[PDB]
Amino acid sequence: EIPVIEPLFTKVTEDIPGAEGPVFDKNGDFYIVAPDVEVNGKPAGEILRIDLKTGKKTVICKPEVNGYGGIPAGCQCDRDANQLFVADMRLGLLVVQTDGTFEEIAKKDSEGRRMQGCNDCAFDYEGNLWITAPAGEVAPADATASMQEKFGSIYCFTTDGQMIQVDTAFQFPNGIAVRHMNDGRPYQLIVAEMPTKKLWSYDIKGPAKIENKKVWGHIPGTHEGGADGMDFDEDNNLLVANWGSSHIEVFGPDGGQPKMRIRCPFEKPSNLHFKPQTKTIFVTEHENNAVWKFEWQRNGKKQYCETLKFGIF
């Protein structure tokens, strides 16, 4: 059987509807998003900053465009500026400042097609942002998801400002991650297709250039849910929240079947993120709509925001 560890989890904060997108900025501040917040049945998602000591929450942004509320669901911190890139299920891709101001990156992609709602994203070390888009067209267009139909797409927002659809026909693409060589070269993209219990891989040949698509890993279980958020640890092991399984799966560098499983004190882990330079992993979950933390066996893989702009001196 696959080895299972049961680390001690510590509650961080609660009352976060749809708790998702955990992320640390360049100053070490912690943020999470609340995509499930609604006001009178209408989307009113929030981006919050969490005090690690008290667990107190501060709403920094409640995105809305032309009267349509956003559904912020995933985040990545930029490197050269302390700003957050946020995947929004209703607005697409947003760039949010610590002061709460935000900008919608694109209404349409590089081919002029209306943008699809986004769920999560991952920066590669070259500054390109790989994004999952499981939702239908962004507001004002009517909402819809790809849990059944295969119209979920993947985008790559390049450093040159191009929003390129790099693949599509996915059944609710969710988590996403980029594997790098030790010299910093991005070479593999991993995409979670939630309901199908599959993790897909592609070889990265350059900015917005992916090929050799294949099924890379298998997510355990027949439960409703599947792979949600993911991140690499420093040894390139891929940790994946398996929503509905009560576990976070751990895949070795070669994928396939998980090499280890991490038991959680809740059934629906949605996402995770390492605290910089530590073995501490923060986990968002939908059973209690809260955030927790636990200690992993090693530090996490550095996020783009922690990398050296000029290389190793």
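Start at 1 and count along the sequence shown; that's the residue number.
Of the two segments, 105-113 and 175-183, the one listed with the higher mean B-factor is 105-113 (C-alpha atoms only).
Look at the mean CA B-factor for 231-239 and for 95-103 in the entry; the higher one is 95-103. In this structure the maximum Cα B-factor among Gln83, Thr144, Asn119, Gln188 is found at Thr144.
Set against one another, the Cα B-factors of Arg79, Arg90, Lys150, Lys197 in the record reach their highest point at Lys150.
For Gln257, the recorded CA B-factor ranks within the highest third of the chain. Only modelled residues enter the ranking. Among all modelled residues in its chain, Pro207 ranks in the highest third by Cα B-factor. Per the PDB record, residue ranking by Cα B-factor puts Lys268 in the middle third of the chain. Annotation for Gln303: CA B-factor lies in the lowest third of the chain's modelled residues.
In the deposited entry, the Cα temperature factor of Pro63 places it in the highest third of its chain's modelled residues.
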